[PDB]
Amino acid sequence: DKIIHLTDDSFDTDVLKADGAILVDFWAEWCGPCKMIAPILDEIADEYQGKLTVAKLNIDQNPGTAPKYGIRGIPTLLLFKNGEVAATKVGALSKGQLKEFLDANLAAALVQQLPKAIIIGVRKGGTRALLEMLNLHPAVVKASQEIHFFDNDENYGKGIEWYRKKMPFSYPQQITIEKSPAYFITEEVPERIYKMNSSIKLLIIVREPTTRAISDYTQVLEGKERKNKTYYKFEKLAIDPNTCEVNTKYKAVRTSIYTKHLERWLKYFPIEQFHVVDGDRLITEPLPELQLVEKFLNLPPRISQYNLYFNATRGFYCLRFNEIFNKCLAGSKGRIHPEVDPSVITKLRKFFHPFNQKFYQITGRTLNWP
């Protein structure tokens, strides 16, 4: 239910310490009009998702708050804009009367905003899955395609205004998020993002290093199988034949060394502006990982178990927004990996181990890979 039921205990957290526009309805079971506008409020919460949050406060069970604002009779509607009464309305009113009161008081013009958080990587970590799942939140709009702005000198030269006009439209209250997995490893990107928005928030979703490398390789092989071209076995690319050790020049191994790349980014951004998503837990138990991202982005908790249903035939979780809109990810997500010689997997696990430890230390998240 899109409506938020308040208590006197949780009014500071949910309205005053909150951000965005919130309409609070003060009501009680003995107020006829209050029960006559309850259906209207239900339709408003749905037609104004994005630009307004509708909340109720039952003054019978919560007698503390209403006096603090001069609430004489009920119903009384208080529109808060970022913990500050911006408007009031007293006594019942029609759905069209409420729409006139809101529309003439909400800054709800559709706008193209620069992203306030960027998923900077990693390739095959679950970037698409992370983006689509965060979009489940009513405050988040996703950039549908990968934009590739800071990692492409042709695009970067077109100005930050070009980047902005690539973004989707949104109510100014929402936040926009973009995904471009190449940003993580491209050298010039951290300083360019920093110039744009030195306080931007950066998301990194990682998987088990060896597994991410094989997933990487598998994507390249599909695109080569399709074109009827020859490639090589993962074992031949990942192991140097002269030493039988890990070949550090292989791009898919280089990209799983998450800590060498992160340290380039820490030259410019503090660790407090990063959040690391456990891409493995996103595959098997995603909801807790999404709740951490909600708090990282200073968003209220709106993603629930209802929004994630497991698809047994697919082997992955799928998304459910409302009662009728359902979505699984594209066909290229969830490829079966080739079987890889166990000895090589052991050599890679032993190879990544010290880099994993350094990664846990810097980020403060221990992901329990080998």
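Heads up: residue numbers just count along the shown sequence, starting at 1.
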property	result
Residue stretch of maximal mean CA temperature factor, 81-89 vs 135-143	81-89
Higher-scoring stretch by recorded Cα B factor average, 168-176 or 227-235	227-235
Highest-ranked of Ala182, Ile257, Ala117, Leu102 once sorted by CA temperature factor in the record	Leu102
Which of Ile324, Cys328, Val340, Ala38 ranks first by CA B-factor in the deposited coordinates	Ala38
Chain-relative CA temperature factor third for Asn197	lowest
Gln361 - Cα temperature factor, lowest/middle/highest third of chain	lowest
Record-listed C-alpha B factor of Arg207: chain third	lowest
Third of the chain, ranked by Cα B-factor, where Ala108 sits	highest
Chain-wide C-alpha B factor ranking for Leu290, given as lowest, middle or highest third	lowest
